[PDB]
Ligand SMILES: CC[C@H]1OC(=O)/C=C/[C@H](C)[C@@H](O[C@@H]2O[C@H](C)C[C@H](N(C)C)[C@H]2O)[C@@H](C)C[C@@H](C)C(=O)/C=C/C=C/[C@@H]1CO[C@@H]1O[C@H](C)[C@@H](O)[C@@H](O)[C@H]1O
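Have a look below at one chain only, the form solved without the ligand, in structure tokens format.
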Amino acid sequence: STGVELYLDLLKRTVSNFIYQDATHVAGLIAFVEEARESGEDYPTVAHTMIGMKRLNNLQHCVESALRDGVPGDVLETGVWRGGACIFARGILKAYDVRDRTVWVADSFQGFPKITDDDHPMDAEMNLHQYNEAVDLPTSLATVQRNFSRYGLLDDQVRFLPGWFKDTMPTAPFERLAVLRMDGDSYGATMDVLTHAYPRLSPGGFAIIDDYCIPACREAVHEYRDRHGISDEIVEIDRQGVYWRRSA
């Protein structure tokens, strides 16, 4: 109805490529299937995000909620792949003409880390690194930037954090977050980012776990929530993502 609604709606359909409905890579529990892209259950060969429409909608709800309710801070995604969700997020801010917040785009830009003997047992058991070729996960900072540019959204309110989260997170140059989107799939990535980034999540802000259904990740989420006495309700989004809103 409003121009904002149309843009954002179109942007969602575009980053997920509902428009042209590109094939999926063959991997894990897996030709374009509408119910699969709606819920983010597939591995797109061309689309700029894999999170699907329910998680895009969630992301929109979180950012919009924040802006409306005056929650201060930036938006950060840890694990961006081709950048779609961050593109969308920069889109949301452009739509409401916000020039005081930034979208932080954090990634190895090389896919999943090789497993070390440091790594948590579960992260070792699933070796997400092996699925990198199969799902075209290694995606360079340059490629990601190009994609932003294609939507007309690459600019000084998009900043990049190339590197592993353990290295890039503790000392990253943002002061406060309104939305923290975790999409690392592993215990390590999730723990790395909750540990070093969650403290900067403004009260009122939102924490999103993209793959709560993965046990390694779920473990980290609870270990972290236990440790800090966090009891904010965990709300499901689709078949794998959840989020909570931080109270004081």
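Each residue number is its position in the shown sequence, starting from 1.
According to the PDB entry, the deposited sequence runs on from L67 to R68 with no residue lacking coordinates between them. In this entry, 124-132 has the higher mean Cα B-factor, the comparison being between 163-171 and 124-132. Two stretches are in play, 111-119 and 145-153, and the higher mean C-alpha B-factor belongs to 111-119. Each of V80, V71, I92, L76 has a CA temperature factor in the record; the biggest one is found at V71. Of all the options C217, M53, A47, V26, the entry's greatest CA B-factor is assigned to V26. The PDB entry assigns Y96 a C-alpha temperature factor belonging to the highest third of its chain's modelled residues. For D210, the recorded CA B-factor ranks within the lowest third of the chain. Only modelled residues enter the ranking.
Per the deposited record, the Cα B-factor of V158 falls in the highest third when ranked against the other modelled residues of its chain. In the PDB entry, a CA B factor belonging to the highest third of its chain's modelled residues is recorded for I30. In the PDB entry, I87 places in the lowest third of its chain by CA B-factor.
The same protein also exists as the form deposited with the ligand bound; that form is not shown, yet it is the one meant from here on.
Three-residue candidate spot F112, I214 and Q240; every residue lies within 4.5 angstroms of the ligand in the deposited bound form by at least one non-hydrogen atom.
Contact with the ligand in the deposited bound form, judged by any heavy atom within 4.5 Å, is made by just one of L141, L154, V135, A95: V135. Just one of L67, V33, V46, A27 comes within 4.5 Å of the ligand in the deposited bound form, counting any heavy atom, and that one is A27. Residue heavy atoms within 4.5 Å of the ligand in the deposited bound form occur in exactly one stretch of 67-75, 171-179, 122-130, 96-104, and that stretch is 122-130. Taking the partner from the other structure, the ligand in the deposited bound form has no heavy atom within 4.5 Å of any heavy atom of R37. Contact check for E219: every heavy atom lies farther than 4.5 Å from the ligand in the deposited bound form. Of all the residues from 173-188, those having a non-hydrogen atom no more than 4.5 Å from the ligand in the deposited bound form are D183, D185.
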